[PDB]
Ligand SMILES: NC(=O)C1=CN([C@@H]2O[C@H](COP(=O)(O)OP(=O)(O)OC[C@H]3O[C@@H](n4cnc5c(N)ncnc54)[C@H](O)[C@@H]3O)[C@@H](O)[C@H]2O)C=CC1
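Presented below, as structure tokens, is a lone chain in the form solved without this ligand.
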């Protein structure tokens, strides 16, 4: 049987890509392709079982309520998710169990692994730094992922000593951005797409985890994994991490 995948924001960048990806997938059939303004009833009309939603922060809450109200599983890449947005989703889910919602900030599997690996490694090293590298058309430095990683690292190293640093003389910015006591350096280079390197060190050894996103469509295999696996965990899951089944 084809799993019946609906895509919201299907003319949006990510949705159109996902529509294509569902087409190509042997196990998935596209049950409905909706973009801004399409009645959500088209989803139930077509017996959608799971929806990919990468719409705007301003419609996703509309979408989710309808999806949960109707027992349609949701793989959500839309951002703007406050704790007040989150609880609302869990509130909606109370009334409909056996409905799985995934909200994840990042669907590139390599990125999710790296962040996971960084989390696991953090407490074992004296030093941790993040170097992030992106194309020079990038507006924010450091990237969200780098900031997300550094904060993860900081939390993992709670109650450890700070990164050792004997710097007493410096040019401004030499030491990167300080995100919760973790230096984050942002390289902007023509030729690059999205890259991130977490470096850990202790006298005697270092450990580096490097993730390279070479395509704009890196998220694809992860969204697909999320779609395939989403029913395995009822209720709300934040982050793609758990669906990777890491043991």
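Numbering follows the first chain given and starts at 1.
Annotation for 106 to 114 versus 76 to 84: the higher mean temperature factor (C-alpha) is found in 76 to 84. Per the deposited record, 220 carries the highest C-alpha B-factor of all listed residues (207, 182, 220, 186). The PDB entry assigns residue 54 a C-alpha temperature factor belonging to the highest third of its chain's modelled residues. The PDB entry assigns residue 212 a C-alpha temperature factor belonging to the lowest third of its chain's modelled residues. When the CA B factors of the chain's modelled residues are split into thirds, the value for residue 43 lands in the middle one.
Among all modelled residues in this chain, the alpha-carbon of residue 37 has a temperature factor (C-alpha) in the highest third. Annotation for residue 141: CA B-factor lies in the middle third of the chain's modelled residues.
Omitted here: the form deposited with this ligand bound. The next part is about that form.
Contact between residue 8 and this ligand in the bound PDB entry is found at the 4.5 Å heavy atom cutoff. Put simply, residue 236 is far from this ligand in the bound PDB entry: not one heavy atom of it is within 4.5 Å. Contact annotation for residue 163: none of its heavy atoms lies within 4.5 Å of this ligand in the bound PDB entry. Among residues of the shown chain, residue 36 is one whose heavy atoms approach this ligand to within 4.5 Å in the bound PDB entry.
Checking 82 to 90, 101 to 109, 120 to 128, 152 to 160 against this ligand in the bound PDB entry, the stretch whose residues place heavy atoms within 4.5 Å of it is 101 to 109.
Put simply, of 221, 57, 181, 201 only one has a heavy atom within 4.5 Å of this ligand in the bound PDB entry, and it is 57.
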